[PDB]
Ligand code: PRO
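Shown below, as C-alpha cells, is a lone chain in the form solved without the named molecule; questions about how it binds or moves come after it.
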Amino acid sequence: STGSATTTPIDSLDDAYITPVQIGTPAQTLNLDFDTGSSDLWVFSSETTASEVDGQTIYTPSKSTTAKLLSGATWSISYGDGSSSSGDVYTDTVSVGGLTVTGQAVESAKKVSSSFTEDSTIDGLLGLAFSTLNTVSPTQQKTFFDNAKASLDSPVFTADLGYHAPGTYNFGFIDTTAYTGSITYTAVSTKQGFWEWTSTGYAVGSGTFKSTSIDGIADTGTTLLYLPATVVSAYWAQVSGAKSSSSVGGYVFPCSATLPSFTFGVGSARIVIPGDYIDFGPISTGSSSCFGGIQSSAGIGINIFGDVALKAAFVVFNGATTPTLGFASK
C-alpha cells in the first residue's frame, strides 16, 4: 500500500504545515501537524475543555462506529516550545492520503495549552518520530507510520514541504519526479527516539564550506533551523544590522536586508536554503525588525533541522530495520 497527502502551510510564514487526516467511521477529517519530532497522534476532541477550543475541528469518538476507548490509557506531552496537551486514548481507523491503519491510537485531548488553543488551524498532531517516544501510559502506543509499515510497499515516508506553498507527505514510496539529482542517504541514530543524524557542515551564502559534524534531528514539527551558536553567529554576521535580541528571543535583522543562503552538508552532498526561506517577517505588526529563521540551539540541548531546512529538500524518512535519512535537492 501507499498514501499521498498534500500538506499546506498554516500561514504566510510557513509557521507550520497541516495535512488532512481521516479519523473514524464515517470519516471525520482533521487537519493535523505531521511532526517527525514527536510520536503521539493527538487531536482536539469532544472531550477537550470547552474554553480551550477556539475554532479547531474536533474528533467526536461517540460518532465513530469504529472508535473504542483504550481502557485506562492516558497521555501527556510537553513540547520544546513549552506547549503541552493531555487526555485519554481511543483506537480508531485513521487514513492519510488513501493509506488506512486500523486500531490506531488516537489520543483525545482533555487539556491543551494556550498556544494550541490560539492556533485555530491545527486540529492536532500526528507524530512520526520513533514509537519509543510515545507518551501513552501504561501501554505505550505505536505511531501511524509504525502501524502502517508492514503494509507499505516500502517502509518509508517522505516529506516534501513547500516554501509559501503546498507540499506533500508520501507513505510507502519515493516519488522520483519530486526531486532533482540523487538522494543522499545518511545514518540515523534512534537512541533518543528522533530522526537524529549528523550533517557534514555548512556554508553561508557564497562562502567556503566548513567541514564540521553537526548532530541534529530532522523535525517537521519545528518551524526554524536551530544550530550551534558558532554557526548561527557566522551566518548572521553576514547580515548588516543583524543582532541577537534577548527581549525578542533570538536573532533579528533589518527587514530591508537581503539574506544570504545557508548550505548544509549531507554526506558529500549539499542542500541550499535560499535566503528568503530564513525571513520570518516583522517581530510585531508594522515593525522594521524581522525575525531570523536560523537561531541558536544553545539551551535547547539539541540541534534541530526544522522546516526552514527541510523545506529546501526532498526528505526520505527510511524506516527500514536500520533507519536512515535521505536528502535530495528539488
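Numbers follow the displayed sequence, beginning with 1.
Absent from the display: the form solved in complex with the named molecule. The rest refers to it.
- Query: Site status for the named molecule after superposition of its pose in the deposited bound form: open, or blocked by 3 or more ligand atoms within 2.4 Å of backbone or C-beta atoms?
  - Reply: In the deposited bound form, the named molecule occupies a site that, on this form, remains open once the ligand is superposed onto it.
- Answer with one of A73, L152, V204, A242: the residue that has a non-hydrogen atom within 4.5 Å of the named molecule in the deposited bound form. None of the others qualify; the residue that does is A73.
- Message: Can you tell me which of 142-150, 99-107, 73-81, 231-239 lies within 4.5 Å of the named molecule in the deposited bound form, counting heavy atoms only?
- Response: Stretch 73-81 is the one.
- Message: Within 4.5 Å, heavy atoms only: does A27 come near the named molecule in the deposited bound form?
- Response: No, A27 stays farther than 4.5 Å from the named molecule in the deposited bound form.
- Message: Under the 4.5 Å heavy atom criterion, name the residues of 158-196 that approach the named molecule in the deposited bound form, in sequence order.
- Response: Stretch hits: zero.
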